[PDB]
Enquirer: 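Dropping the structure in here first, questions after.
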Amino acid sequence: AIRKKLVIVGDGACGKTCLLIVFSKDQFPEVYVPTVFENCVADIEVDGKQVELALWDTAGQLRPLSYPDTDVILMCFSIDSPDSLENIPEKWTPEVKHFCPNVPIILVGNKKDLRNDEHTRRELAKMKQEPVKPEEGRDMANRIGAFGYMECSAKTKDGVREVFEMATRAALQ
Ligand SMILES: Nc1nc2c(ncn2[C@@H]2O[C@H](COP(=O)(O)OP(=O)(O)O)[C@@H](O)[C@H]2O)c(=O)[nH]1
Ligand SMILES: [Mg+2]
């Protein structure tokens with residue numbers, strides 16, 4: 001199998017750990033771990049090629065120790081948090097491109113299921129905000145030079161497989 005290292009970064013609580021666990025175990029977690037700490041390698045097949053994908057979780061609140069030899073980056077925000085999106089160019093892209101200057105980035109909008117959630121929309125409206133729109137994610141992907149923009153929901157599994165398929169294709173370049 002082809003072996004590739006993936007590192008996932010982004011604001012705390014934007015769904016990184018749940019995304020990794022739903023992809024690798026096909027089950028939304030019932031217990032809380034800040035970062036995946038065991039069994040970090042998942043299999044995936046892309047265009048006939050077997051690829052082993054090592055999944056490196058991070059705390060988004062030492063962290064640069066995860067960056068060496070990375071083959072692809074998942075840079076995440078949450079669709080229920082316009083603030084987590086604004087931290088993409090202000091915090092995460094400067095850090096990732098410093099330690100991983102030419103590693104491909106997939107920009108990922110997590111928690112897609114909350115875009116139409118009424119509690120989410122009510123909480124954001126009291127701050128004069130609304131959920132991130134897909135056109136905003138695409139614009140940000142252009143801004144930071146990401147290989148692609150993907151939306152997903154770890155809760156519903158919608159788009160999860162596609163995120164990692166796109167990341168693997170980017171890593172194989
Ligand atoms: N509604 C919804 N909640 C999610 C989703 N993914 C993760 N979460 C919730 O969001 C919280 C933070 O998730 P976590 O993966 O630990 O975030 P991390 O700090 O970025 O690793 C937790 O309460 C999760 O249950 C999702 O896709 N949809
Ligand atoms: Mg986590």
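Counting begins at 1 with the first residue of the sequence. Remember, it's 1-based here, ligands and their atoms both numbered in the order they're listed.
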Enquirer: What about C18: any of its N or O atoms under 3.5 Å from an N or O on ligand 1?
Expert: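 There is such a contact, yes.
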
Enquirer: If you round to 10 degrees, what value do you get for the angle at the Mg ion (ligand 2) between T17 atom OG1 and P34 atom O?
Expert: 90°

Enquirer: Going by distance alone, is a donor N or O of one side chain under 3.5 Å from an acceptor N or O of the other, for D80 and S78?
Expert: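 Result is yes, a qualifying pair exists.
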
Enquirer: Does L114 reach ligand 1, in the sense of a heavy atom lying below 4.0 Å from it?
Expert: yes

Enquirer: Please report whether ligand 1 has a polar contact with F28, defined as an N or O pair separated by less than 3.5 Å (distance criterion only).
Expert: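 No, since none of the N or O atoms of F28 sits under 3.5 Å from an N or O of ligand 1.
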
Enquirer: Report the part of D113 in contact with ligand 1, treating N, CA, C, O as backbone and CB onward as side chain, heavy atoms under 4.0 Å; options are side chain, backbone, both, neither.
Expert: side chain

Enquirer: Rounded to the nearest 0.5 Å, what separates atom CZ in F77 from atom NZ in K16?
Expert: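 Interatomic distance, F77 CZ to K16 NZ, rounded to 0.5 Å: 13.0 Å.
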
Enquirer: Heavy-atom contacts with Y32 under 4.0 Å: which atoms of ligand 1 show up? List them by number with element.
Expert: 16 (O)

Enquirer: Do protein heavy atoms approach atom 2 (C) of ligand 1 to less than 4.0 Å?
Expert: yes

Enquirer: So, the side chain of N87 versus the backbone of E90: is there a donor-acceptor pair under 3.5 Å, distance only?
Expert: no

Enquirer: Can you find an N/O atom of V33 closer than 3.5 Å to an N/O atom of ligand 1?
Expert: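 Checking ligand 1 against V33, no N or O pair falls under 3.5 Å apart.
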
Enquirer: Less than 4.0 Å from atom 6 (N) of ligand 1, is there any heavy atom belonging to the protein?
Expert: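 So far as the 4.0 Å threshold goes, atom 6 (N) of ligand 1 is in reach of a protein heavy atom.
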
Enquirer: Roughly how far apart are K111 NZ and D117 CG, rounded to 0.5 Å?
Expert: 11.0 Å

Enquirer: As an exercise, state the distance from CG of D43 to OG of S24, rounded to the nearest 0.5 Å.
Expert: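 Going from the CG atom of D43 to the OG atom of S24 covers 11.0 Å.
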
Enquirer: Polar contacts were defined as any N/O atom of the residue lying under 3.5 Å from an N/O atom of the ligand; does this apply to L19 and ligand 1?
Expert: no

Enquirer: Backbone or side chain, does any N or O of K111 fall under 3.5 Å from an N or O of ligand 1?
Expert: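 It does: an N or O of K111 is found under 3.5 Å from an N or O of ligand 1.
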
Enquirer: Between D158 and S153, is there a side-chain donor-acceptor contact under 3.5 Å, judged purely by atom types and distance?
Expert: no

Enquirer: Counting only heavy atoms not in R115, do more than 12 sit closer than 6.0 Å to its CZ atom?
Expert: yes

